[PDB]
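This report refers to the structure that appears directly beneath it.
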Amino acid sequence: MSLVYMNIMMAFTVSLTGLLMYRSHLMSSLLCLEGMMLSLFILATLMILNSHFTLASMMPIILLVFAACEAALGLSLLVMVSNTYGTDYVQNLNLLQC
Amino acid sequence: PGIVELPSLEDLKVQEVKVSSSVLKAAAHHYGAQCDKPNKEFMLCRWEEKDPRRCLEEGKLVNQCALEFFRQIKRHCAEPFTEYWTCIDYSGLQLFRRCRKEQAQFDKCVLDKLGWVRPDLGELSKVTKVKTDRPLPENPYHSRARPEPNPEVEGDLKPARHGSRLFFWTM
Amino acid sequence: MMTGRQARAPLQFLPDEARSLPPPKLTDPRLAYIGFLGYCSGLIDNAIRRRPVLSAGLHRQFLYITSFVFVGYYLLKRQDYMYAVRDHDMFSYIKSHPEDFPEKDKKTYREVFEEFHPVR
Amino acid sequence: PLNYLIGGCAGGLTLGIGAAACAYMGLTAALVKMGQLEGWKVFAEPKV
Amino acid sequence: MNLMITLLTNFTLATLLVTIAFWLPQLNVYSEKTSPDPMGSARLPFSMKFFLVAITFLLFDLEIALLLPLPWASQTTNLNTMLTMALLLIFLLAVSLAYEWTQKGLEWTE
Amino acid sequence: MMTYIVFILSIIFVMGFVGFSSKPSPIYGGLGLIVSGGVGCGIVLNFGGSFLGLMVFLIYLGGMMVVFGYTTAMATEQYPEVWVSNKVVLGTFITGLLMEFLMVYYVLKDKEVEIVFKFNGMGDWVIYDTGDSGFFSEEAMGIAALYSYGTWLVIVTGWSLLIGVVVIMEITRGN
Amino acid sequence: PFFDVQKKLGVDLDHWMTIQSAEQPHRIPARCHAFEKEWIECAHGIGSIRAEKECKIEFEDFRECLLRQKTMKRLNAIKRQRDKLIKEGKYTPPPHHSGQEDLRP
Amino acid sequence: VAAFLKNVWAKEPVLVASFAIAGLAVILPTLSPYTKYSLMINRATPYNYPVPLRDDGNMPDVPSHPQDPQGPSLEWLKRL
Amino acid sequence: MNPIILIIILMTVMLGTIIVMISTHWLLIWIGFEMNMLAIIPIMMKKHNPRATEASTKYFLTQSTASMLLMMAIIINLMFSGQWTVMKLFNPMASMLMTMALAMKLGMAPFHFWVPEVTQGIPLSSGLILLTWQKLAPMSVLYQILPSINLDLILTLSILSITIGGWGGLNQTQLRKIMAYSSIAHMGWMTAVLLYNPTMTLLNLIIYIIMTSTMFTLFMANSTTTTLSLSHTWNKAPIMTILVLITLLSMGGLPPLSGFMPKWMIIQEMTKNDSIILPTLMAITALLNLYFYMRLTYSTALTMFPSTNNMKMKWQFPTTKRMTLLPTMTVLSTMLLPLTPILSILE
Amino acid sequence: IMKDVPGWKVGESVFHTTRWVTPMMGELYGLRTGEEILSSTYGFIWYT
Amino acid sequence: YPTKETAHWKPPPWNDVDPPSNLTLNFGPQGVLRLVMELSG
Ligand SMILES: CCCCCCCCCCCCCCCCCC(=O)OC[C@H](COP(=O)([O-])OC[C@H](O)COP(=O)([O-])OC[C@H](COC(=O)CCCCCCCCCCCCCCCCC)OC(=O)CCCCCCCCCCCCCCCCC)OC(=O)CCCCCCCCCCCCCCCCC
Ligand SMILES: CCCCCCCCCCCCCCCCCC(=O)OC[C@H](COP(=O)(O)OCCN)OC(=O)CCCCCCCCCCCCCCCCC
Ligand SMILES: CCCCCCCCCCCCCCCCCC(=O)OC[C@H](COP(=O)(O)OCCN)OC(=O)CCCCCCCCCCCCCCCCC
């Protein structure tokens, strides 16, 4: 397929596997998730600009708005977790084992 | 598939309007007034044929009528036009509003020596009509035959023969 | 399956060609069973709130029965409509494609040979 | 069918449950050869 | 290209002034100083209110991102629709501010 | 080299995602995602989507990664590092960035031009300026038609942002 | 369940951003306006199952307009043969490919 | 309605100015005699080429030249 | 929570699902999922304990990853089709990623690892919303993209869902985890028949929602969250002792109850398509679900009865809980098998 | 150029239609120098 | 059914809530006054 799109998808999959491999923090998970959003923005933008398709120019702005509202929701969840425990560690989030 | 058919380099030779963009923009309204008919024949041919290869002779007529326009400027009103496009050419955005006295002198000499009235605000953006002697392109997209649609339903709606027929449900 | 049929007239619960069909009678055994479901919902509604089950809330049990019969009448009308559409589409498709639905030759049993398997 | 019925049972004896997988692995391996015989599709293509 | 050349010039001047301002006083052999705060050593206290003003910033900033194509939106042929949606976006930003008011959200950093 | 600037910025973009995705800390991860957002914004700006790249800088890096860094600073308690005199505290920084940019150069090796020169992207890559648009940006007018054409999109987006304000004020109150 | 409320109520909520050949601001066409219009007018109303095999040619033309894989492959073939004929030496570039001839308009 | 208004203009004049300006911005363009001219100026701004029509023989309103009398007028815009 | 804010947020949940259902554009699908997730998060944090915050965090992470994979599927569709119509997809990569994203949204296995934890952490009403209303939007998208869905992928996810939702319910005493593994098994049953007859998918979805809402309404009406606390119901409210358990005999799928209707119609429509091994093995695993849920039925209307003394004080108070539609849902979840050919209304 | 390569047709359209397709950047400036390609494909984007 | 790895799981609480400071600043002399504050935000 097309050349720069392979790079943007590869960036998406690297940030996916970063989200799919937790090390320590919930903030690193939100970072990998929003890197996924960034790569989606770049890829949608490059397609819509390449196609000269006019009415989808407003699409990546809406992607950015909805997913940054999503990220605000994730930061508030992380803050409530960190006020419960003291740290935002993912191993403090394991009370639902039983 | 098939060989794409291109015109020869002798089909593409025409005398070029070798002037700059400010020179074109300075005579723009008089060009739209005076060279109206071959320009509009060409743009009708261009939005109807949808192909630059079927429009070459009308484009040559456009280039010819543009050259005759600028020769007719050159024979009569060379110095007011040069004074006007120099002042148009100084500007970065090439403003008309910075150059009203040179515009007035150019329009004065052109209306005196040639009788060309500069078009009013609104005229050059009108949709005009063009009389042509070429046929209308019956398939400009070169679409092949369309697939035959699925047959619709017709006839009245009789009830279900012995109901739902779901294993033992008699209705 | 039949989603391409009701796409040209979307979100019609009962189309205008449903009215060529006879409606279910009010003595329909399916509708009588739905009224029985309304009566059972009324009885459970008195039972779960600790009321005398056959006595309390006759207005309430009667609205239960009436509501289930009222919904189930239009449900049975749509059911009859969709099976009528199924059979109409089937018969028009058999009539339109004869080469895929040939009449198979029914041979009498004097020519039809079956292998006999004795039980002994 | 009997060929994989032996080889699945011997797979149970090298599994670790010894004669339990003999009635399980060989009975699953028997279905594979019978499926290859009579064309049995578990992931069947939608037709109707 | 001229933009990127100017950005590279500004970055190189900034890094050069940072490099000079770090390396020029280190040529001094001044002294090796021994043993180089209001709280003693305790943890950073989390403040819920600073986080709330950061999120309120982010949400009104997304609403501003919706508001940005309005000088281009004024040029349209469907002006009644455009004016209605512009007033509706600024009204929803105002309704967000009013809800942020009336739930004591803008308090002690009002 | 200068023709291939979009491909080069994409390679920098993938390397920056490898940078923060290995997750040394959320603060260095945030720094790597800021750098990656800047170079991916450069990818967008080198097609001619200038409003969309400025939306990246103004909104993504300008609000959202600000709030990410702001929230990250209110957790993950800081601790010092090496601070020996200016060879160690800045010369190691310069050598580390020199190794990083030499890695950016070193991933563009003969195993890479086998993918590049076989499937040559430049020559025909950015076809955005193919012919004339006119006295407008197509990208700007498509974004501007959010108000005339995109009525339902404005309604659902503004309602989701109002609901986002309400939702954050509910789940952060803790009551 | 696709509850087609937009076609039931006669409102347009999102059909306008759906395709490239729709009504665009200032009548800007997409790069593949004609190819998508031909694919849509081929595949209209006949169903997807007939459309995948009866309108395959219009769809291959439209996908090759979108992605230009055959065109990039042909250009890479011509340019790599040109590189081979330069390095072997049996070809020399003309003045209009070295920038020496003061272009047409 | 007049005691409350003076009370809120005494307490909170910032919000009174805000609601008054926003109310004027809402209900004022519906009352203006120049709102139609914004529409008429925006639809008279020629971003595209005025693609001409094939003259079939009966179009007495479509002109043949810009300086022909028939066609849309912008004399209202030069005069105002 | 302020009840006006609760009503506005529940209308935003419903509005997000309706936006997924009615829209023809993929961006509006993605918007409807974003709105649905954003709005359902405060319903989970309604009580503000650490378990609900942990459950909301895990739910946010899984649904957010699924939304990103959904948008990547949409973007690959725009590559290979240049358009945005919600219909079939034009790349097996986009079809695979969208099937994975919708399977993550449904909690189908192997993306099932959030559903028992999140259902455990949140209250019973929000668990009801998560196991009934949140299933509707991804099943609608799977209904509309079924010309593109890979058969082997959806059948693998369906059998892995039915097997893991079966073997999850052995070791459980928490009722919400039991309903979550029942959810995983039933979503496997729904997506098994999707590429053969999606009307049977809609039948299984509607009957499952009725039975699930009956079970969660009974769990709210008895204030029971565990098996051990459900077993005190006979000394407190004896009519609840039979309704919970014959609804639970419906949920496994057992005639003459209406929960046998979906699995029987699925087996019926998959053997038209010459698949005989697959409905047999899926319904054997449904019998494994019956095995564990019948053990729970024994524990509640049989052996482990014993009571406490403060039941003597609960006897003097009737219920004031609005057991809304509970007789209607209990009659619909049990006595609807004679009305089985009503399923044509979903065609 | 394309003489030694067998089975080649010069000016072969990659489309199945005979409709005029608008030429891509590399169909026009493809065999040209890199300075013309720079001024063609990043000229307006990089202009000041 | 408790195996080895699940035998040390205590059951969750009945109401699903679990068993779960303020800043102190020393404004030193750096008129001269030392203030030991107790802040609450
Ligand atoms: C001149 C103008 C006025 C004319 C008026 C004429 C009538 C005057 C009287 C007005 C009232 C009419 C009532 C309906 C007509 C009779 C329907 C009938 O018998 O159908 C025979 C029907 C088929 O027999 P057939 O000889 O082929 O047809 C004779 C007629 O042509 C039947 O006609 P068809 O072949 O066209 O029927 C269509 C189709 C025929 O059926 C079929 O195609 C076969 C499939 C039927 C469903 C099988 C499901 C099996 C799995 C689930 C089993 C559930 C558990 C069983 C019940 C547990 C206890 C609740 O029906 C269905 O599929 C509907 C589903 C079954 C409901 C039947 C009607 C019930 C109404 C009253 C319900 C009261 C509760 C009774 C218990 C609930 C269950 C019945 O028999 C059965 O399916 C066996 C069950 C017995 C039927 C219900 C008997 C109704 C009277 C009950 C009195 C005792 C109540 C005691 C208290 C409550 C229970 C504890
Ligand atoms: C219709 C057009 C669009 C209207 C909406 C958009 C307006 C643009 C500006 C947006 C403002 C957003 C925030 C508004 C919040 C209002 C509620 C509020 O602030 O209540 C508290 C306040 C008292 O202040 P307090 O709580 O004490 O604050 C500490 C400092 N003293 O109480 C107050 O100050 C009372 C505020 C309400 C009363 C103001 C009345 C002004 C009337 C002007 C004339 C009418 C104008 C036409 C519009 C209709 C107004 C009703
Ligand atoms: C193809 C299909 C297309 C779609 C068709 C329609 C689909 C319907 C899907 C139904 C999904 C139900 C979701 C849950 C109910 C939503 C409303 C709600 O939030 O109810 C819970 C509410 C919470 O109140 P709260 O204050 O939290 O109480 C806790 C104690 N303080 O109140 C309570 O807790 C009160 C206790 C009783 C709650 C009973 C709720 C029953 C709702 C389901 C009814 C049955 C489904 C409809 C019929 C079948 C439709 C398929």
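Values below: every heavy atom of this structure, side chains too, minus hydrogens, waters and symmetry copies. We count ligands from 1, going down the list as the structure has it; atoms in each ligand are counted the same way. Note on naming: letters A, B, ... go to the chains in the order of the sequence lines (proteins, then strands), and numbering restarts at 1 for each one.
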Could you list which atoms of ligand 1 come closer than 4.0 Å to a heavy atom of I:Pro338?
47 (C), 49 (C), 52 (C), 65 (C)
Heavy-atom nearest option to atom 9 (C) of ligand 3, drawn from I:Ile209, I:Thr201, I:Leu202:
I:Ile209
Might you point out which heavy atoms bring C:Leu31 and C:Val69 nearest each other, and give the distance in Å?
CD1-O, 3.4 Å
Which atom names give the shortest non-hydrogen contact between I:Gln120 and I:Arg176, and what distance separates them?
O-NH1, 2.9 Å
Return yes or no for this condition: an N or O of E:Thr102 is under 3.5 Å from an N or O of ligand 2.
no
When distances are taken from atom 40 (C) of ligand 3, the protein heavy atom at minimum range is I:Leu128 CD2, 4.2 Å
Looking at atom 30 (C) of ligand 3, tell me if a protein heavy atom falls under 4.0 Å from it.
no
Going by atom types alone, do I:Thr217 and I:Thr214 pair a side-chain donor with an acceptor below 3.5 Å?
no
To atom 2 (C) of ligand 2, the nearest of H:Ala25, E:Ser96, H:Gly23 on a heavy-atom basis is H:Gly23
Among all protein heavy atoms, pick out the one at the shortest distance from atom 8 (C) of ligand 3; state its residue, atom name and that distance to 0.1 Å.
I:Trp133 CZ3, 4.2 Å
Test side-chain hydrogen bond (donor to acceptor under 3.5 Å, both in side chains), reference C:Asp87, set B:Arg165, B:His162, B:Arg161, B:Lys158, output is B:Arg165
Using a strict 4.0 Å cut-off to heavy atoms of H:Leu15, name the atoms of ligand 2 that fall inside it.
19 (O), 34 (O)
I'd like to know if the side chain of H:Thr30 reaches the main chain of H:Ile27, judged simply by a donor and an acceptor atom lying under 3.5 Å from each other, with no hydrogens or angles considered.
yes
Could you tell me whether a side-chain N or O of E:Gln103 sits under 3.5 Å from a main-chain N or O of F:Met169, the two making a donor and an acceptor?
no
Scan the protein's non-hydrogen atoms and note whether one is under 4.0 Å from atom 43 (C) of ligand 3.
yes
Got the closest protein heavy atom to atom 38 (C) of ligand 3, with its distance?
I:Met220 CE, 3.8 Å
Given the protein's heavy atoms, is any one of them under 4.0 Å from atom 19 (O) of ligand 3?
yes
Taking all non-hydrogen atoms of both residues into account, name the closest pair between I:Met44 and I:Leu130 and its distance.
CE-CD1, 3.6 Å
State, to 0.1 Å, how close I:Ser250 and I:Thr334 come at their nearest heavy-atom pair, and which atoms those are.
OG-CG2, 3.7 Å
Which class fits the ring pair I:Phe219 and I:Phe216: parallel under 30°, tilted 30 to 60°, perpendicular over 60°?
perpendicular
With heavy atoms under 4.0 Å as the rule, classify the contact between H:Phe19 and ligand 2 as side chain, backbone, both or neither.
both
For I:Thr324, atoms of ligand 3 separated by under 4.0 Å from a heavy atom
37 (C), 39 (C)
Among all the protein's non-hydrogen atoms, which is closest to atom 15 (C) of ligand 2, and how far away is it?
E:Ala98 CB, 4.1 Å
Around atom 22 (C) of ligand 2, find the nearest protein heavy atom and jot down its residue, atom name and distance.
E:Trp101 CZ2, 4.1 Å
So between I:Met211, I:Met329, I:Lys135, whose heavy atom ends up nearest atom 41 (C) of ligand 3?
I:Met329
Under 3.5 Å, side chain of I:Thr12 to main-chain N/O of I:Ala39, donor-acceptor pair present?
no
Checking I:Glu347 against I:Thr199: is there a side-chain donor and acceptor pair closer than 3.5 Å?
yes
Taking atom 35 (C) of ligand 2 as the reference point, the nearest protein heavy atom with its distance
H:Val8 CG2, 4.2 Å
Starting from atom 1 (C) of ligand 3, find the nearest protein heavy-atom neighbour and note its residue, name and distance.
G:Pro1 CG, 3.9 Å
Within ligand 1, which atoms have a heavy atom of B:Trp169 less than 4.0 Å away?
43 (O), 45 (C), 47 (C), 63 (O)
For atom 12 (C) of ligand 3, is there a protein heavy atom at a distance under 4.0 Å?
yes
If you look at every heavy atom in I:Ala237 and I:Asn222, which pair is closest and at what distance?
CB-OD1, 4.3 Å
Among all protein heavy atoms in this structure, tell me which lies nearest to atom 48 (C) of ligand 3, with the distance rounded to 0.1 Å.
I:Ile210 CG1, 4.5 Å
Could you check whether C:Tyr83 and B:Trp169 have their ring centres less than 6.0 Å apart?
no
Only one of I:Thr328, I:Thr330, I:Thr324 passes side chain to side chain contact (heavy atoms under 4.5 Å, CB included) with I:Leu326; say which it is.
I:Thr330
In the protein, which heavy atom is nearest to atom 7 (C) of ligand 2, and how far is it?
H:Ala22 CB, 3.7 Å
Short side-chain to backbone donor-acceptor contact, I:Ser126 and I:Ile122, under 3.5 Å
no
Residue, atom name and distance, where the atom is the protein heavy atom closest to atom 37 (C) of ligand 3
I:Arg322 O, 3.4 Å
How does C:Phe36 reach ligand 1, by side chain, by backbone, by both or by neither, if only non-hydrogen atoms under 4.0 Å count?
side chain
Taking atom 69 (C) of ligand 1 as the point of reference, which of C:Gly35, C:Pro29, I:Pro341 owns the nearest heavy atom?
C:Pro29
Per-atom contacts, ligand 2 versus E:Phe91 - under 4.0 Å to a heavy atom
5 (C)
Looking only at protein heavy atoms, which one is nearest to atom 4 (C) of ligand 3, and how far off is it?
I:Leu136 CD1, 4.1 Å
In the protein, which heavy atom is nearest to atom 16 (C) of ligand 3, and how far is it?
I:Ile129 CG1, 4.3 Å
Exercise check, heavy-atom protein proximity under 4.0 Å to atom 51 (C) of ligand 2:
no
Taking I:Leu337's backbone N and O only, do any of them form a donor-acceptor pair with I:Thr340's side chain (distance below 3.5 Å, no angle check)?
yes
Pair E:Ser96-E:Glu63, side-chain hydrogen bond (donor to acceptor under 3.5 Å, both in side chains): steps then yes or no:
CA-CA 10 Å; E:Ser96 297; E:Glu63 290 167 346; 3.2 Å; yes
With heavy atoms under 4.0 Å as the rule, classify the contact between I:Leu6 and ligand 3 as side chain, backbone, both or neither.
neither
Specify the protein heavy atom at minimum distance from atom 48 (C) of ligand 1: its residue, its atom name, and the distance to 0.1 Å.
B:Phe168 CE1, 4.1 Å
Heavy-atom pair of closest approach, residues I:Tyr59 and I:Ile40
CE2-CG2, 3.7 Å
Does the protein come close to atom 26 (O) of ligand 3 - that is, does one of its heavy atoms sit below 4.0 Å from that atom?
no
Out of the candidates C:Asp45, C:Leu37, C:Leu43, only one should pair with C:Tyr64 under the side chain to side chain contact (heavy atoms under 4.5 Å, CB included) rule; please name it.
C:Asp45
Checking a contact table here: which protein heavy atom is nearest atom 10 (C) of ligand 2, and how many Å away?
E:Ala94 CB, 3.7 Å
Taking distance alone, with N or O pairs closer than 3.5 Å, would you say B:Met171 contacts ligand 1?
no
Distance under 4.0 Å to a non-hydrogen atom of C:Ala32: what atoms of ligand 1 satisfy this?
71 (C)
for atom 24 (O) of ligand 2, nearest protein heavy atom and its distance come out as H:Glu12 OE2, 3.4 Å
Please determine if I:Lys46 has a nitrogen or oxygen closer than 3.5 Å to a nitrogen or oxygen of ligand 3.
yes
Under 3.5 Å between any N/O of B:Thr170 and any N/O of ligand 1: does that happen in this structure?
yes
